[PDB]
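Contents: one structure, followed by commentary.
Chains as they are written, first to last, in PDB author numbering: chain C, 226 to 429; chain H, 614 to 735; chain X, 226 to 735; chain B, 226 to 735.
Spelled out as structure tokens, the structure:
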């Protein structure tokens, strides 16, 4: 897979493309874990949920896509804008094995080992995008970023669960197993949404 | 530097579901894209054990990710006579250029930039 | 990918092909960095810009393409040449990971890791080729070379930036990600450019006339005549012939000039003082002075003045192994542009003389030297010669106006020159923490890349058609015995270029 | 005829349309008149010419066509523009007869009386457009304007004519006679001209190099070296890097210059004396001196010298209501050409320095400032910017030669510019005698004409394609509160243009 960042302005459309390098550790040493608020937390701060071994990709900030100059071009010249469609790709996957022995770390490539990827395209998992979390693609294309860990919350009574609380095992979904040399792609179409108002009113 | 979309909660009712942090409310937003390293067990015992494996080869993964978004624009058509407001960089000299790296290679965003510079009548 | 170096001479074309092995480190530990001049630098030396993690390929010297023998073939047999098209290739890419642990370096191949390559074919980046930088493909095909780091300058006020200053992130361009077994190729067509003049004139602009025949025109030959025991003003006129040949009416003027101080290769002839800057020829741009070097094409010296050269008016190359700073004259090779003195003023003398006043009975005629002469109708000139070790092309700056955009260091001015070819090792993060961190990664696997690069250029030739009777000048190796052969390796394997070689051996009439 | 003002932006074109109401008096009481300078005028001010009864339409300023908002749209979004074609219309002609009798003025429409209109489309008349005269279509569409009177100059010796002096009678051309209900139209196609450069360079000509990489070329870095307790002449050479960046070999030269005196917007910095003429930059033509204004394109000032401007080297516009004669600096708007200092010399300093002598043991190197530098091979430059309130085109004089005919006040040099559009009220004799008289009629009915004029110009755009990462400069209105909005009417209905607006906000690399 090749590297694509640029913006393409055509007619009434602007196409933004961003490419970043990412690194994904092993989270939870491969375990799902029940998590909850500390015993001492205030009632307002109680929660119950699960931490999972999975990471997730988040491009839910404008600077993942617009350079500052692109943004300027947008906001000085347009009364409105809105997303239409997107194309997402993972490529140039590398799986690396680390050996810490006798004081010395040695990283070695493992061409055979896989990563698993799926999109929750039926929206069956708790949706944690849209909470303004860190971990998005960084604004500057040369910055390398860590893939954030996926966790979610369900109902709680204090730090405890309730009967209605739900537990999701992500391996209960089909996922693509990706090796070095495998790529992952999907396309998505935004539903019709109102244009964002990129203007200020000149009347009260 | 702000959010783009949010999932509209699946509920009987909602009013004007423009997500309050800003951006586009979506019933069917961009899906969550989940990834994880497949566990690779380390050297097993040569006597069968029913216990789930707890020794794994340390590993991590890296790669590139690309996202392409097509945006639709509504072009400004201002019929006002006088010039309007426009986002502009400063002219004056400075030690660092806004929205650049410094001498240590650290990129920084010095200010928030909204979208509302052009004007329209009510 | 296979190895191709040779030259193919067919009809009026010569195709040159060069292949080299290169190595590309990780620059800036993958970072872009703001850079500027030191706080103490003089105003003339201030700058502001950026260093980038990218490298770039530069084949912008003739010896990247012509062997010495090929160059000889070119310059002895052709009145002109010019680039037509080129083919560029990167192949046999290898990405290597380095592990320094416990005292011991272990290099291992990583077949999966990539390098990124793009050509700036829309010329959206600052164009740093054409500044005569080091880092080009070396002249000797067996030498392995390091890919130079890409950096650029923007506007500065002292060491600071200004609002108009621009910042370019090269990852904002599409680039090919190349693995082991991937190749990179592109082709390029030169725009039409004038043939370089690979000849010297055998006539001087001031001797184009028939020496046997008088002019029908008259010039003012005397302003006074003997009167009784004294003179009286009397204007008198003559038709110029051979004997008064300096006075003949002529149609043309020598080329422009911007005068240079004269220095001697004989140390004793020079003033004992520091004038390398204070005596230098310069231009003045936005409050800063810059050396004019080499400047407008002007002949290096007049007849029999071989030892003299303009202070900043000639290309100067280092001999093999010569150091960077304050080397003695024996360490450098000073080019000589004497062939153009048939048309272009000598760099160290005045253009000529003009009247400064209005003479009359009580006022004598006055004249003044002209030390800078811009272009005049009727002027003709030759551009600076090109050299085997010299630059080939330069990008013509994108401006409203330009005049005769032959780049002053020599070679071909191009509006759309060969594009910059940028390359960098894709960063590979080292072992990450198992707790999420938002900080950008700062631990990477050490690595570098190597591979081969080939460049093929097709050149168009304008064959010599001399109708002169007597033999002409030709570039020739020495016959006599010597310890080392010119343009060869020595006993230690070091290749060296012992002298500059220009193109102007054959002659033509004006 | 209907009213059309708007702008139509489509693809790479913007079509501007302007409509105004005009009034045309009877000029010269229908007579042609010889005119000349007063007997007491200085030789520099003598002239000879003719005043004619004709008026003319002039739309040769950008604000005749672009609203301030349109101009903003243009300059923030485009790297270049240029005129393509135009359509001109006169319509809703009304001819009015005035009767002043017995103290009382009574204006009455005369449907029958005509106006005469012709375009000089063969360019047979002296072309007086392109002299920056008043009388153009006003910037604000609701302002009604008087059609200016056509007059021209021919050769003069003092206040007298010469044999070569020419006299043009405009009735010797065919012209359309227009009544109420008649319209006049013509279309015109601009010749191909370079796009105006609506950008500023983000690089300076003296910083085009890679700051990270040394040159392979050498320059003379030292002329002497320490000897025992004293120095000895020794030439020494260095390869220029970042630290000696002023010394690097370079391919190009800054643009030409013709030096201007420097004046300060701070009154105290200026000499207390009258130098506006004696200190002025001038050219000398046939025994007469003329101010060189604005002259060759040169940057107005160097870094951080905003308060300084060349004496006659910048366009200067009046603020609304500013008077004709000796207004204070607060009454005018002084343009600033600082954006071109990346390529063009500063108007108030020397071009650079050249050697004036030949140094040797007993003679030190000497240099001199260069205050006028004509074009040299390898020079590049930017033309003067254009302004919303500034001129658009000029006719290139019909001459054997010209160089870079970008008109010096700014805009587009045209060999075949928009033709002069001449108009005049047809004289209507008053009551004649009933006895025949051979004398030409001297009693006419008082009348004037009014109507609308529209001009539509299609402009071609070169869209900004900046690949820079950081935001750039953009023309913007002020955010803060104020009593009047810039580029609006005040409480008395007076439109005003508070500042000059150039085109150079976006940036590009060299």
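Just so it is clear, CB atoms sit at the ideal spot from N, CA and C, and this is done for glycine as well.
In this structure, DSSP gives residue 298 of chain C a helical state, which the three-state scheme calls helix. By DSSP's assignment, residue 280 of chain B forms a beta bridge with B:374 and B:648. Per DSSP, reduced to three states, the secondary structure at residue 397 of chain X is helical. Take residue 258 of chain B, set aside five residues on each side of it, and the residues of its chain with a beta-carbon closer than 7 Å to its own are 275 and 276, in chain order.
The three-state reading of DSSP puts residue 563 of chain X in helix, counting H, G and I together. Proximity to residue 628 of chain B across B:475, B:539, B:617 and B:608 peaks at B:608, based on C-alpha coordinates. For residue 666 of chain X, the closest of X:676, X:675, X:654 and X:406 by C-alpha to C-alpha distance is X:654. The closest CA to that of residue 239 of chain C, considering only C:295, C:252 and C:371, is found on C:295. Collapsing the DSSP output to three states places residue 532 of chain B in coil.
For residue 386 of chain X, the closest Cβ of chain H is nearer than 9 Å. Counting C-beta pairs closer than 8 Å gives fewer than three between the region 495-513 of chain B and the region 497-509 of chain X, which falls short of the contact rule.
Using a CB distance cut-off of 9 Å, residue 688 of chain H counts as an interface residue toward chain C. Contact annotation: residue 559 of chain X and residue 522 of chain X have beta-carbon atoms that are not nearer than 9 Å. Its Cα nearest to that of residue 416 of chain B, the residue B:620 stands out among B:620, B:491 and B:263.
In the structure shown, the three-state DSSP call for residue 314 of chain X is strand. Here residue 638 of chain X is bridged, per DSSP, to X:619. Secondary structure of residue 493 of chain X (DSSP, three-state): helix. The three-state secondary structure of residue 411 of chain C, taken from DSSP, is strand. Here the alpha carbon of residue 715 of chain B sits roughly 55 Å from the alpha carbon of residue 375 of chain X. Runs of the beta strand (DSSP E) lying entirely within the region 425-483 of chain X and spanning at least 3 residues, in chain order: 443-452 and 455-464. In the structure shown, residue 392 of chain X falls within a coil segment according to DSSP collapsed to helix, strand and coil. Distances from the CA of residue 331 of chain B to each of B:721, B:578 and B:671 were compared; the closest alpha carbon is that of B:671. In this structure residue 434 of chain B is buried. Its beta-carbon is surrounded by 16 or more other beta-carbon atoms within 10 angstroms.
Within the same chain, Cβ atoms closer than 6 Å to the Cβ of residue 411 of chain B are found at 313 and 344, the five residues on either side in sequence being excluded. Under the Cβ criterion of 9 Å, residue 294 of chain B is not counted among the residues facing chain C.
Of all C-beta pairs linking the region 626-643 of chain X to the region 702-716 of chain X, fewer than three are shorter than 8 Å, placing the two stretches out of contact. The criterion of a C-beta distance shorter than 9 Å is not satisfied by residue 660 of chain X and residue 339 of chain X. Residue environment analysis places residue 645 of chain X among the buried positions, since at least 16 neighbouring C-beta atoms fall within 10 angstroms of its C-beta. In the same chain as residue 598 of chain B, and ignoring 5 residues on each side of it, the C-beta atoms closer than 7 Å to its own belong to 481, 482 and 576, in chain order. Along the region 597-624 of chain X, going in chain order, the ones with a CB nearer than 9 Å to a CB of chain B are 597, 598, 599, 600, 601, 602, 606, 608, 614, 615, 616, 619, 620, 621, 622, 623 and 624. Here the region 444-463 of chain X does not lie against the region 415-432 of chain X, with fewer than 3 beta-carbon pairs under 8 Å apart.
According to the DSSP secondary-structure assignment, residue 244 of chain C is paired through a beta bridge with H:679. Using a C-beta cut-off of 8 Å, the region 385-397 of chain B makes no contact with the region 303-322 of chain B, since fewer than three inter-stretch Cβ pairs fall below that distance. Within chain B, the residues whose beta carbon sits less than 8 Å from that of residue 297 of chain C are 696, 697 and 699, listed in sequence order. Restricting attention to C:319, C:267, C:369 and C:364, the CA atom closest to the CA of residue 695 of chain B is found in C:364.
Annotated as distal: residue 735 of chain B and residue 592 of chain B, with beta-carbon spacing of 9 Å or more.
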